[PDB]
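Take a look at the structure below.
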Amino acid sequence: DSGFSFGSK
Amino acid sequence: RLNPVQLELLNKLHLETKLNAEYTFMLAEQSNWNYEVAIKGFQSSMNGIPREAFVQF
């Protein structure tokens, strides 16, 4: 899976 | 693929956030490949990352 995000984009 | 530099970063990333390489990479990209932000990156969202991405870290 994907679409995940980390550092406040 | 990837540049030995970015790769090494993944290692530090998988050795600092240890949130699973594949995912860690997701961070190496979602973090602009900075590092400091990468790390913080993991420590950033830390509210959606699954148990698959977050392996004991």
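Just checking, how many residues over the stretch B:24-37 are facing another protein chain (nearest Cβ under 7 Å) and within 17 Å of residue A:2 (Cα to Cα)?
4
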- Message: For the stretch B:38-51, give me the residue count where each residue is surrounded by fewer than 18 Cβ atoms within 10 Å (Cβ to Cβ) and within 16 Å of residue B:6 (Cα to Cα).
- Response: 0
- Has the stretch B:9-32 got at least one residue that is surrounded by 15 or more Cβ atoms within 10 Å (Cβ to Cβ), in a loop (DSSP other than H, G, I, E, B) and of a type in the set (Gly, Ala, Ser)? yes
- Item | Sole exception among (1) within 13 Å of chain A (Cβ to nearest Cβ); (2) more than 16 Å from residue A:7 (Cα to Cα) for residue B:49, by number | (2)
- Considering every residue within the stretch B:1-11, establish whether at least one is within 11 Å of chain A (Cβ to nearest Cβ) and among the hydrophobic types (A, V, I, L, M, F, W, C). no
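Note: ideal-geometry Cβ built from the backbone for every residue, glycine included; neighbour counts use all protein chains shown. All of the numbers you see were taken from the coordinates with simple rules; none came from a lab.
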